[PDB]
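I have placed the structure first, in the form of structure tokens, so that the comments after it can refer back to it.
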Amino acid sequence: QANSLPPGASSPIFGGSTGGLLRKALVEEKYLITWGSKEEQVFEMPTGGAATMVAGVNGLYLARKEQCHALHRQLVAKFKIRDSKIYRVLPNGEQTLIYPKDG
Amino acid sequence: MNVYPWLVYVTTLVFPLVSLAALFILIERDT
Amino acid sequence: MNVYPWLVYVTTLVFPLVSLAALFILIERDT
Amino acid sequence: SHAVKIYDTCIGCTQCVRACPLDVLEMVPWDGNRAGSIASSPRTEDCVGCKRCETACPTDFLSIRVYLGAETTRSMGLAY
Amino acid sequence: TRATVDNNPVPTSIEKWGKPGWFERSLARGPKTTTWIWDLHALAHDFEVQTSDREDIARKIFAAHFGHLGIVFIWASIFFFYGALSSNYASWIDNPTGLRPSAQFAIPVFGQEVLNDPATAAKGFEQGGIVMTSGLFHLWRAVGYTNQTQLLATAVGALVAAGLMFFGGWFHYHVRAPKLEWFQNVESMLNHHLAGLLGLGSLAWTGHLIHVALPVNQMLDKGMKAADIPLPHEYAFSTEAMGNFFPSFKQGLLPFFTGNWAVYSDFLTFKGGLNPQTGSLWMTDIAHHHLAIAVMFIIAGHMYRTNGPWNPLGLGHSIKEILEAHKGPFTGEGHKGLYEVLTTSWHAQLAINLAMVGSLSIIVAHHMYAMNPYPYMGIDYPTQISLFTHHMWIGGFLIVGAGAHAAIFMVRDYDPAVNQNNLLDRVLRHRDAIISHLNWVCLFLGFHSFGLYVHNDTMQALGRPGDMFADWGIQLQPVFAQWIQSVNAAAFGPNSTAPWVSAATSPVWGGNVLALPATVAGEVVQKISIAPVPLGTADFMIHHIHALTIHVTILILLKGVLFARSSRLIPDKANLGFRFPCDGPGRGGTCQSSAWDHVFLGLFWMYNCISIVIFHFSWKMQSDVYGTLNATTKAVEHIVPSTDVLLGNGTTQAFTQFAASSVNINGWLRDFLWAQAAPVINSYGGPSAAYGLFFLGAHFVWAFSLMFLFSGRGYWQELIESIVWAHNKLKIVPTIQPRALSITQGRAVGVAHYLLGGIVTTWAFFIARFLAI
Amino acid sequence: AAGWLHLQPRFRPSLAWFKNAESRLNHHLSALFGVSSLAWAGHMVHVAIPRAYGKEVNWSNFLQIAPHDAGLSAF
Amino acid sequence: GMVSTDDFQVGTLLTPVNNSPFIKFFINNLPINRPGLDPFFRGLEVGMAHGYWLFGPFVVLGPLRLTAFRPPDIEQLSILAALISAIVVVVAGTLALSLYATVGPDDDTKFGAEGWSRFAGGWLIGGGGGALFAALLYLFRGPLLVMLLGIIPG
Amino acid sequence: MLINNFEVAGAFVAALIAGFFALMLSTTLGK
Ligand code: CLA
Ligand code: CLA
Ligand SMILES: CC1=C(/C=C/C(C)=C/C=C/C(C)=C/C=C/C=C(C)/C=C/C=C(C)/C=C/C2=C(C)CCCC2(C)C)C(C)(C)CCC1
Ligand SMILES: CC1=C(/C=C/C(C)=C\C=C\C(C)=C\C=C\C=C(C)/C=C/C=C(C)/C=C/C2=C(C)CCCC2(C)C)C(C)(C)CCC1
Ligand SMILES: CC(C)=CCC/C(C)=C\CC/C(C)=C\CC/C(C)=C/CC1=C(C)C(=O)c2ccccc2C1=O
Ligand code: SF4
Ligand code: SF4
């Protein structure tokens, strides 16, 4: 509904936490990390708890860009995943690439 | 005596009219 | 005893809350 | 936003882009060192001011200086 | 099982003694600055950053346990030597109520000999001495010591036991050390710490009480002196000597094997509360106690399943199946993972264990004033204040360490794969609700307890005593607590809920003031050891202070635990570690965001909690329990007098000093903290003059902390730049670099000196007040 | 609480539990009509008959005082 | 089962405190959320409930309350003082609500600044009226809590 | 001797438990 993924990305399995999105994501900005995984494996959320992600392309909306870049360094330092892309999602639906900026 | 008269006023007069207004909202508002 | 008590009520109680409300308007409205 | 300055005492050690939580910095080509690259900050609007780049600069005095300035939502680290 | 043990991992050498800092890689490069010195001390017992192998880590922890049990046996031997050479115990056994107990003097050097109290001077100890508050002598009288040479034998045996624990540590680390598979069979270790450690421990203690401690205490209570028998009233050859004290059933241990248990109802009783003659628990109730819990601890060590070469043995429970059987629909997948948590993480086990032993020491502090265990102990009031205060402080410290190692687990040993949809995972998914609701109930408790106190200061200052939350004004009666006092007082007689009890649980529940014979110069009986402890409006208020301080200490430490790994501010906090100063001045400033800082803040909030607890105890016991029976018409006169509260109409009403004055901060300042500090500041030139010196020195250390607490190191480092310039100008150049202290270590020095200064100030005040009256 | 419990889908029973109808008869004649009648007989011999003759039996003394001085040896 | 989340990025949990249907019927038909209501009436009903209960702590617990004062001569002063106290607390709430309105609100209500000012206005009238109504029923609690007809003659 | 107000308060605590369970069963029966 309000948090719609881009096509090609699937939601990782998560039970939902209270560390996630607040009103700012509705009204000012939110962020989205999207990465590729070769299996269904278990990672730690940057907002608390533990999630698992399926094989393929996974996407997750977070409140801050530091939360996405912390999830990116966790994927690098724990499961060697280096194709994470970070978008800044505006409330009207506009997505712009802010990591990696050089491509 | 051993009476709470304010409780008689609540549960026999105020609360049934309360309850009929709540059931009116339940049976007349669509969805 | 020569006291104006209503004046103490005005400028120690009413007028400071008045002044904080006016300063709130000064610091929270854009243009 | 905060003000990130790169001076001319840089050695291209690749430690201020690795230890930065927000990707403010990137390496551009340069001639005045042995790595052939100097740091730069085109993304200062996302910097929080956390100074982990200033912890990890191996010179005498740090070639990167971040100056604490005007505070935004992104620079105050707010998830709300 | 099978005790799989490796042979000789570590050779015994001296080569690492000449190299400090060998155990960590940055310390091994040599001292270059002074922070290495503090980094030498802070990383000495962090075995997880020394080696990465969890097996070797577990062996280091195991040899550390043996070395600690050795040092505790050295301390045990040290007070047994002091009770065995330079004590008044040969004369304290004949006068336990008129002679102050002492086991240490000050030698004739520098004028310190005014510290020798002349109310400890008796035969053998004819010098005076330092009055002790540990209550070792009443423990020793209750377990049957009548002689100083057997105290010397206990002292020698405790040194031998210290040597055995050190040789066990050197053997089980350096020669023959166990593996990681030995530690993780938690079922067998629970079965042999219940049935063997606690079960046989209190069964053998029941054996000590029956053979030694009940007859010697019956001889000390029937009136004979220290000339006793310690060897001929024992064993088989004087079985009839067990009949000369209190009739040993019919004959021998024959009614034990035949099952008629009722003929032992003379030295295993269920009488009830305290003895009127000695002010303490009946020793037969103590023996039947330790036997019944001894039995139920051997039943408790028969629960968990252990499989081996024992054929029919091997029925029971695995802990993992129990934990993975309790799931629920609210709590997802329940306790799955918690067995792997508690069998691979040491910090989680240490968090649970510090919580339990600190809670248990607080439980110990309540029940030992509440039921007095040892003869003539409750009338020695410095010992009562000191053991309540001691076990409260040790309990609060271990609860702060429980919060510490729960956060250290959450930093270090948290695995997301193990903790998938368990209780530990979903606590982290709604940590904002827990900490915010905790923040609300701390605000509610603080307003609705302290603002009541502030209201009482205000209305008593404004001349409105009837407007006060007090027993004479707006009454706040603890009706649930008073009702539970009525239930535990009423449950002893016939047609009650415990029909065969003679003298209830305790006299604090609302039954009878109990008094003991003592001298006090040339006086009469007096000496209320114990009394009913009534609850009024001031008890409501002080207990909601206690709920406030407990809840804020929970809020700080639990916010350290659940936000150890991540927050909305710092999502990568677990990579920064347990112990880091900050993550910089950005995001507004991230000072004291580590979970270590929450242990640092929760230490002061524990200080607040336990200080108000021991303040409640000091004023409460002093105002409603402790005191004197008057020689005319046996009237109760407490240690502080009753206060005639001036009412608003003009008349007075008599209340006690806690009931009148502990409802506001002015009465706490004046009648508790100004009035009872008169014997710590007037103590000079006499036997309590050290407690005045410790009082002033601890005021110094407490204020000295605030330099470290309120400042930071960049000031100090550019100051040490000027002092290092002064040293290099005169060719005085240290190779080890003079540094300012680090941010975390400056906070640690400040919390250490704040804690040392406040608790030693309060120690000096309590002992120097309670020795006087 | 039992009705709210038996509305939850773990504790809702099956249609076969409702239409069992032998075991329902066995349990109602055994427990609902017989154990309750036996329990009421126990109430009359423990409480009602001694309190009709002036002697008071309550929930604190029922384990100590028997209905009859030839108690349970006569059974 | 009981705890779902139904948008797992949003930091909230859908729980039987949150998502039980009678709790949603209660909260969603409290006057600030009950559909079909102009913001003034929402403020009016909120004020009446609040101003009615606000009279109570001031009359039982205030500076004029006791049985050791001068007859029930001080009781009318107690009722009047508690009445003025509850109305001025409602005035402070009105000031709060209208300082919220006049600086330009951004919230999940679809009230404007004008809508929150209607709420502030209804809050003030309802609150002072609820104080006045609680004062009149507190004046009437003598005859209300007894059978009044029966002691009076004729 | 009749019963006083604290025993009425205990009965109302008991009836609050009963009313909570009544409310739960009636709302789940409404589904
Ligand atoms: C069973 C008890 C127990 C055990 C085994 C541990 C074990 C450990 N703790 Mg710990 N802790 C505990 C209880 C315990 N703690 C309690 C009760 C508290 C609350 C106070 C804490 C709070 C705590 C914190 C905040 C930290 C630890 C840390 C650690 C780890 C390393 C500590 C070290 O290197 O030694 C070094 C010891 C020192 C440098 C001594 C410090 C100075 C002392 C406190 C002053 C002593 C004053 C003395 C008592 C009285 C004055 C005498 C004086 C005048 C002479 C280690 C695994 C550290 C860690 O990094 O975890 C991995 C750390 O961050 N603990
Ligand atoms: C005496 C000094 C003092 C005071 C008053 C406080 C007060 C508070 N602390 Mg703090 N703290 C202190 C020292 C103090 N602390 C120190 C030295 C440290 C360093 C270790 C800390 C570290 C600390 C931490 C880490 C935390 C607190 C928390 C809290 C809050 C607890 C909630 C509560 O009690 O309810 C109510 C408030 C009070 C009891 C304060 C007094 C209120 C008065 C009586 C009411 C005044 C009436 C009215 C408003 C006045 C209007 C007049 C008008 C002219 C303005 C509270 C506001 C915790 C928190 O935030 O939880 C909610 C929290 O986690 N403190
Ligand atoms: C949630 C809930 C609850 C609670 C409740 C409550 C909280 C209560 C209450 C209550 C209340 C709180 C009520 C109230 C009220 C009121 C009223 C009824 C009012 C009024 C008024 C009026 C009528 C006024 C008028 C006026 C005006 C406005 C103008 C002019 C003046 C006058 C006066 C005329 C319970 C759990 C129990 C149950 C379930 C649900
Ligand atoms: C010049 C000099 C000097 C001087 C110095 C000074 C001036 C000082 C001071 C100081 C002060 C001014 C103070 C103080 C204090 C202390 C304290 C405060 C302590 C302690 C400790 C302890 C050891 C503790 C103990 C305890 C515990 C453990 C707990 C409980 C309680 C008690 C007490 C028991 C000297 C002599 C060195 C020498 C030469 C040089
Ligand atoms: C045998 C024996 C005892 C030998 C003693 C060994 C010898 C000879 C010297 C050892 C030097 C000593 C005893 C202390 C140095 C401690 C020091 C540099 C403090 C300055 C300082 C203060 C005052 C703060 O408040 C503070 C606050 C927050 C952060 C940092 C700081 C800080 O850095
Ligand atoms: S600014 Fe410092 S950390 Fe960054 S490349 Fe240059 S020398 Fe390395
Ligand atoms: S003041 Fe100290 S603790 Fe605070 S952010 Fe700066 S360096 Fe860190």
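We name chains A, B, ... following the order of the structure tokens; residues begin at 1 in each chain, and ligands are numbered from 1 as shown.
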Query raised in the report: Per DSSP on the backbone, what are the helix (DSSP H, G or I) residues of chain D, as number ranges by chain?
Result: D: 44-46, 52-55
Would you export the selected residues with N, CA and C atoms as a PDB file, in the first residue's frame, please?
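In the end it all went to selection.pdb:
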```
ATOM      1  N   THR D  44      27.682  16.031   1.294  1.00  0.00           N
ATOM      2  CA  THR D  44      27.754  16.599   2.637  1.00  0.00           C
ATOM      3  C   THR D  44      26.385  16.815   3.275  1.00  0.00           C
ATOM      4  N   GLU D  45      25.302  16.738   2.495  1.00  0.00           N
ATOM      5  CA  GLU D  45      23.955  16.892   3.034  1.00  0.00           C
ATOM      6  C   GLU D  45      23.491  15.666   3.810  1.00  0.00           C
ATOM      7  N   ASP D  46      24.169  14.533   3.661  1.00  0.00           N
ATOM      8  CA  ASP D  46      23.842  13.325   4.400  1.00  0.00           C
ATOM      9  C   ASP D  46      24.768  13.084   5.583  1.00  0.00           C
ATOM     10  N   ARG D  52      34.049   9.508  12.514  1.00  0.00           N
ATOM     11  CA  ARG D  52      34.792   8.254  12.388  1.00  0.00           C
ATOM     12  C   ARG D  52      35.854   8.328  11.296  1.00  0.00           C
ATOM     13  N   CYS D  53      35.666   9.204  10.301  1.00  0.00           N
ATOM     14  CA  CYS D  53      36.724   9.475   9.334  1.00  0.00           C
ATOM     15  C   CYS D  53      37.888  10.200   9.990  1.00  0.00           C
ATOM     16  N   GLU D  54      37.590  11.077  10.950  1.00  0.00           N
ATOM     17  CA  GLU D  54      38.628  11.783  11.682  1.00  0.00           C
ATOM     18  C   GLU D  54      39.359  10.876  12.665  1.00  0.00           C
ATOM     19  N   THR D  55      38.722   9.801  13.123  1.00  0.00           N
ATOM     20  CA  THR D  55      39.419   8.812  13.933  1.00  0.00           C
ATOM     21  C   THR D  55      40.404   7.990  13.101  1.00  0.00           C
TER      22      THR D  55
END
```
Query - Nearby polymer residues, ligand 4, at most 12 Å, only C-alpha atoms and all ligand atoms, as an MDAnalysis selection string - result: chainID E and resid 132:134 386:387 389:391 393:394 690:705 752:767
Query raised in the report: Got a sec: who's within 7 Å of range 98-115 of chain G, counting only C-alpha atoms, leaving out chain neighbours fewer than 2 positions off, as JSON, numbers by chain?
Result: {"C": [25, 28, 29], "G": [39, 94, 95, 96, 117, 118, 119, 120]}
Requested in this report: Do a neighbour search on residue 574 in chain E at 8 Å with only C-alpha atoms, toss out local chain neighbours closer than 5 positions, and write the hits as a ChimeraX atom specification.
Outcome: /E:411-412,564-566
Wanna dump the chain G-ligand 3 contacts at 10 Å for me, each residue with its shortest atom pair and the distance in Å to one decimal, counting only C-alpha atoms and all ligand atoms, ordered by chain and number, as a tab-separated table?
```
residue	atom	partner	partner_atom_place_in_ligand_line	distance
G:23	CA	ligand 3	40 (C)	9.5
G:26	CA	ligand 3	40 (C)	8.0
G:27	CA	ligand 3	1 (C)	9.3
G:30	CA	ligand 3	1 (C)	9.8
G:44	CA	ligand 3	28 (C)	7.3
G:45	CA	ligand 3	19 (C)	8.0
G:46	CA	ligand 3	16 (C)	9.2
G:47	CA	ligand 3	28 (C)	8.2
G:48	CA	ligand 3	19 (C)	4.5
G:49	CA	ligand 3	14 (C)	4.2
G:50	CA	ligand 3	12 (C)	6.0
G:51	CA	ligand 3	19 (C)	7.4
G:52	CA	ligand 3	16 (C)	5.1
G:53	CA	ligand 3	12 (C)	5.0
G:54	CA	ligand 3	12 (C)	8.5
G:122	CA	ligand 3	28 (C)	8.5
G:123	CA	ligand 3	28 (C)	9.2
G:124	CA	ligand 3	28 (C)	8.7
G:125	CA	ligand 3	28 (C)	5.3
G:126	CA	ligand 3	28 (C)	4.2
G:127	CA	ligand 3	28 (C)	7.0
G:128	CA	ligand 3	31 (C)	6.7
G:129	CA	ligand 3	26 (C)	3.6
G:130	CA	ligand 3	21 (C)	4.0
G:131	CA	ligand 3	33 (C)	7.2
G:132	CA	ligand 3	33 (C)	4.7
G:133	CA	ligand 3	33 (C)	4.6
G:134	CA	ligand 3	20 (C)	7.2
G:135	CA	ligand 3	33 (C)	8.8
G:136	CA	ligand 3	33 (C)	8.1
```
Requested in this report: Do a neighbour search on residue 146 in chain G at 12 Å with only C-alpha atoms, toss out local chain neighbours closer than 6 positions, and write the hits as number ranges by chain.
Outcome: B: 1-6, 8-9; G: 140, 152
Residue selection dump (N, CA, C and O atoms) as a tab-separated table (two decimals), in the first residue's frame:
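The result, written out as again-v6.tsv:
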```
chain	number	residue	atom	x	y	z
B	1	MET	N	-28.76	2.99	54.45
B	1	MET	CA	-28.46	1.59	54.72
B	1	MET	C	-27.11	1.27	54.09
B	1	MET	O	-26.29	2.16	53.89
B	2	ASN	N	-26.90	-0.01	53.77
B	2	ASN	CA	-25.74	-0.41	52.97
B	2	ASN	C	-26.14	-0.34	51.50
B	2	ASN	O	-26.53	-1.32	50.87
B	3	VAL	N	-26.06	0.88	50.96
B	3	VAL	CA	-26.50	1.18	49.60
B	3	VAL	C	-25.47	2.09	48.93
B	3	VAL	O	-24.80	2.89	49.60
B	4	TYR	N	-25.26	1.88	47.63
B	4	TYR	CA	-24.56	2.84	46.79
B	4	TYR	C	-25.59	3.40	45.83
B	4	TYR	O	-25.90	2.76	44.81
B	5	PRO	N	-26.17	4.56	46.12
B	5	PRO	CA	-27.27	5.08	45.28
B	5	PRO	C	-26.80	5.58	43.93
B	5	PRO	O	-27.53	5.45	42.93
B	6	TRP	N	-25.58	6.13	43.88
B	6	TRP	CA	-24.95	6.57	42.64
B	6	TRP	C	-24.76	5.42	41.66
B	6	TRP	O	-24.90	5.61	40.45
B	8	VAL	N	-26.85	2.84	41.48
B	8	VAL	CA	-28.20	2.62	40.95
B	8	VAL	C	-28.49	3.62	39.84
B	8	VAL	O	-29.04	3.26	38.79
B	9	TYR	N	-28.05	4.87	40.03
B	9	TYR	CA	-28.21	5.90	38.99
B	9	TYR	C	-27.40	5.59	37.74
B	9	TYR	O	-27.86	5.86	36.62
G	140	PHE	N	-26.37	18.96	44.39
G	140	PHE	CA	-27.59	18.19	44.45
G	140	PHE	C	-27.37	16.79	45.04
G	140	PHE	O	-28.34	16.08	45.28
G	152	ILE	N	-38.80	15.16	53.91
G	152	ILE	CA	-39.56	16.41	53.81
G	152	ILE	C	-41.04	16.13	54.08
G	152	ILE	O	-41.54	15.03	53.77
```
Which chain G residues have any atom within 12 Å of an atom of chain B, and for each, what is the nearest pair of atoms with distance in Å to one decimal, counting only C-alpha atoms, rows sorted by chain and number, as a Markdown table?
```
| residue | atom | partner | partner_atom | distance |
| --- | --- | --- | --- | --- |
| G:22 | CA | B:26 | CA | 11.2 |
| G:25 | CA | B:26 | CA | 9.5 |
| G:26 | CA | B:22 | CA | 10.0 |
| G:29 | CA | B:25 | CA | 9.4 |
| G:30 | CA | B:22 | CA | 11.6 |
| G:34 | CA | B:25 | CA | 10.5 |
| G:35 | CA | B:29 | CA | 9.7 |
| G:36 | CA | B:29 | CA | 10.4 |
| G:137 | CA | B:6 | CA | 11.3 |
| G:138 | CA | B:6 | CA | 11.8 |
| G:141 | CA | B:6 | CA | 9.1 |
| G:142 | CA | B:5 | CA | 11.2 |
| G:143 | CA | B:5 | CA | 10.9 |
| G:144 | CA | B:5 | CA | 8.0 |
| G:145 | CA | B:5 | CA | 5.4 |
| G:146 | CA | B:5 | CA | 7.4 |
| G:147 | CA | B:5 | CA | 9.3 |
```
Export N, CA and C atoms of the chosen residues as a PDB file, in the first residue's frame?
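Final output, again19.pdb:
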```pdb
ATOM      1  N   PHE G  22     -13.667  -4.622  19.293  1.00  0.00           N
ATOM      2  CA  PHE G  22     -14.388  -3.703  20.166  1.00  0.00           C
ATOM      3  C   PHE G  22     -13.500  -2.565  20.650  1.00  0.00           C
ATOM      4  N   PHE G  25     -13.723  -0.368  17.856  1.00  0.00           N
ATOM      5  CA  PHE G  25     -15.036   0.267  17.927  1.00  0.00           C
ATOM      6  C   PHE G  25     -15.078   1.346  19.001  1.00  0.00           C
ATOM      7  N   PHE G  26     -14.346   1.158  20.096  1.00  0.00           N
ATOM      8  CA  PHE G  26     -14.334   2.155  21.155  1.00  0.00           C
ATOM      9  C   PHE G  26     -13.531   3.380  20.744  1.00  0.00           C
ATOM     10  N   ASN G  29     -14.812   5.265  17.771  1.00  0.00           N
ATOM     11  CA  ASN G  29     -16.008   6.041  18.076  1.00  0.00           C
ATOM     12  C   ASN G  29     -15.906   6.793  19.399  1.00  0.00           C
ATOM     13  N   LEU G  30     -14.693   7.049  19.890  1.00  0.00           N
ATOM     14  CA  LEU G  30     -14.473   8.220  20.727  1.00  0.00           C
ATOM     15  C   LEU G  30     -14.604   9.474  19.855  1.00  0.00           C
ATOM     16  N   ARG G  34     -14.850   9.623  15.823  1.00  0.00           N
ATOM     17  CA  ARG G  34     -16.145   9.054  15.458  1.00  0.00           C
ATOM     18  C   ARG G  34     -16.580   9.721  14.156  1.00  0.00           C
ATOM     19  N   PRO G  35     -16.916   8.965  13.112  1.00  0.00           N
ATOM     20  CA  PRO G  35     -17.126   9.586  11.802  1.00  0.00           C
ATOM     21  C   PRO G  35     -18.431  10.359  11.663  1.00  0.00           C
ATOM     22  N   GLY G  36     -18.359  11.402  10.843  1.00  0.00           N
ATOM     23  CA  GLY G  36     -19.483  12.278  10.619  1.00  0.00           C
ATOM     24  C   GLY G  36     -19.624  13.427  11.587  1.00  0.00           C
ATOM     25  N   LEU G 137     -24.580  19.028  40.186  1.00  0.00           N
ATOM     26  CA  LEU G 137     -24.844  17.699  40.737  1.00  0.00           C
ATOM     27  C   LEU G 137     -24.119  17.448  42.055  1.00  0.00           C
ATOM     28  N   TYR G 138     -22.991  18.110  42.298  1.00  0.00           N
ATOM     29  CA  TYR G 138     -22.394  18.059  43.621  1.00  0.00           C
ATOM     30  C   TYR G 138     -23.188  18.863  44.648  1.00  0.00           C
ATOM     31  N   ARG G 141     -26.118  16.394  45.365  1.00  0.00           N
ATOM     32  CA  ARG G 141     -25.847  15.039  45.884  1.00  0.00           C
ATOM     33  C   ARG G 141     -26.462  14.730  47.256  1.00  0.00           C
ATOM     34  N   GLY G 142     -26.910  15.734  48.010  1.00  0.00           N
ATOM     35  CA  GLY G 142     -27.647  15.507  49.229  1.00  0.00           C
ATOM     36  C   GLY G 142     -28.997  14.866  48.964  1.00  0.00           C
ATOM     37  N   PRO G 143     -29.888  15.589  48.281  1.00  0.00           N
ATOM     38  CA  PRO G 143     -31.104  14.938  47.733  1.00  0.00           C
ATOM     39  C   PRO G 143     -30.916  13.845  46.681  1.00  0.00           C
ATOM     40  N   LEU G 144     -29.782  13.764  45.979  1.00  0.00           N
ATOM     41  CA  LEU G 144     -29.625  12.723  44.957  1.00  0.00           C
ATOM     42  C   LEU G 144     -29.334  11.358  45.576  1.00  0.00           C
ATOM     43  N   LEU G 145     -28.508  11.313  46.619  1.00  0.00           N
ATOM     44  CA  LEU G 145     -28.057  10.052  47.190  1.00  0.00           C
ATOM     45  C   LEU G 145     -28.914   9.587  48.353  1.00  0.00           C
ATOM     46  N   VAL G 146     -30.004  10.283  48.648  1.00  0.00           N
ATOM     47  CA  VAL G 146     -31.024   9.771  49.545  1.00  0.00           C
ATOM     48  C   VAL G 146     -32.340   9.746  48.787  1.00  0.00           C
ATOM     49  N   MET G 147     -33.313   9.071  49.377  1.00  0.00           N
ATOM     50  CA  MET G 147     -34.706   9.233  48.990  1.00  0.00           C
ATOM     51  C   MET G 147     -35.147  10.549  49.610  1.00  0.00           C
TER      52      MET G 147
END
```
Query - Selection within 9 Å of ligand 5 by only C-alpha atoms and all ligand atoms, output as a VMD selection string - result: chain E and resid 34 704 to 717 719 to 720 738 to 747 749 to 750
Query - Interatomic distance, CA of residue 305 in chain E to CA of residue 319 in chain E (Å, one decimal) - result: 8.5 Å
Report task. Kindly work out which residues sit at most 6 Å from ligand 1, using only C-alpha atoms and all ligand atoms, and give the list as a PyMOL selection string. Result -> chain E and resi 41-46+397-398+400-401+404+579+596+599
Extract, using only C-alpha atoms, all DNA, RNA and protein residues at most 7 Å from residue 97 in chain A, discarding same-chain residues fewer than 6 positions from it, and format them as a CSV table (one decimal) with N, CA, C and O atoms, in the first residue's frame.
```csv
chain,number,residue,atom,x,y,z
A,86,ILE,N,20.9,1.7,-2.6
A,86,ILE,CA,20.1,2.5,-1.6
A,86,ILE,C,19.4,3.6,-2.3
A,86,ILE,O,20.1,4.4,-3.0
A,87,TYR,N,18.1,3.7,-2.2
A,87,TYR,CA,17.3,4.7,-2.8
A,87,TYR,C,16.7,5.6,-1.7
A,87,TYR,O,16.4,5.1,-0.6
A,88,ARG,N,16.6,6.9,-2.0
A,88,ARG,CA,15.9,7.8,-1.2
A,88,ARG,C,14.5,8.0,-1.8
A,88,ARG,O,14.3,8.6,-2.9
```
